[PDB]
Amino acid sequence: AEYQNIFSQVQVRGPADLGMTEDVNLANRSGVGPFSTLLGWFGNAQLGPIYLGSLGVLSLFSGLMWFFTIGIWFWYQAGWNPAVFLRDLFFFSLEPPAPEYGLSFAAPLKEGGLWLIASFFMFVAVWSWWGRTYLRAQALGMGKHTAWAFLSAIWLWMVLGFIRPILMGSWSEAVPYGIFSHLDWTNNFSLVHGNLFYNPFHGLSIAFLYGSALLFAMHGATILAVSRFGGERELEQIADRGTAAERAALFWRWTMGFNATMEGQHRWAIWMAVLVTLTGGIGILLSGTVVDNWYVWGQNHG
């Protein structure tokens, strides 16, 4: 039993850390939450404090409003009966307007008006949360990398529910809110466009998705393997290279003949992941707006 640093052998607790104050308006941080011994075998034991300014309350409220909108429709579809609700949880679905209604908001409540409502709440929840992503970084004087990365995820989501529906001229193109129906939508999207395996952006997207698992496996493994030299203290390893950073680099150099720096790796990581949805979003957006059939398109390239 050589030890692996996957779970901590000893947890250590001190007074709750209230964190750095930078230009953050402290009036808006809750107080510290509890301490989970469970979590702390793996990561940090400390829950909270959270920051909740105005944008944060907006976000969280529409987020819940999104969720309860989907939820009353689901209870409705269960005809108000709790046993039917649990039974059919994954089968309920909040569908958008039928194609007849184009981009109009005229669609009756019970036939896609609710979809639009849920979507409206989802739109403001996501974008306001995005703003929160930038603002929490500014208050701390940090780079805006998180907000830039999250924008890449938003791109896929925007394209699927808002941009592609608009360019196609109707909301019936958009994705339903339900556990199984969204899978059916996905399968059906691929069938109707001649098989997404023919779409070279779909193929790139896969490469980065798989690539993210490759990289994170490499990276997490590498960091753990050199954690016996303080390897996880990556910021100081960036500022003043230690043997951790060196033995890491050198493992990859002896193995596959080129390597990364401690900061460099994080650049590979941010991009590997971000390109999954970047790439992905383009592939969807082009579908049916420019290319009706990936197979066909593939037979001429142009």
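In case it trips you up, residue 1 is the first one in the sequence shown, and so on.
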Query raised in the report: Going by the B-factors listed in the PDB entry, is the mean over the C-alpha atoms higher for 267 to 275 or for 60 to 68?
Result: 60 to 68
Requested in this report: Compare the mean C-alpha B-factor of 211 to 219 with that of 125 to 133 as given in the PDB entry, and name the stretch with the higher value.
Outcome: 125 to 133
**Report entry** Top Cα B factor in the deposited entry, candidates 108, 200, 194, 143
**Finding:** 108
Query - Candidate residues 150, 185, 76, 229, the one whose C-alpha B factor the record puts highest - result: 76
Query raised in the report: What third of its chain, lowest, middle or highest, does the C-alpha temperature factor of residue 41 fall into?
Result: middle
Query raised in the report: If you rank the chain by CA B-factor, which third does residue 116 end up in: lowest, middle or highest?
Result: highest
Query raised in the report: Which third of the chain holds residue 254 when residues are ordered by C-alpha B factor: lowest, middle or highest?
Result: lowest
Query raised in the report: Comparing residue 189 with the other modelled residues of its chain, is its CA B-factor in the lowest, middle or highest third?
Result: lowest
Query raised in the report: Thinking about Cα B factors across the chain, which third does residue 262 belong to?
Result: lowest
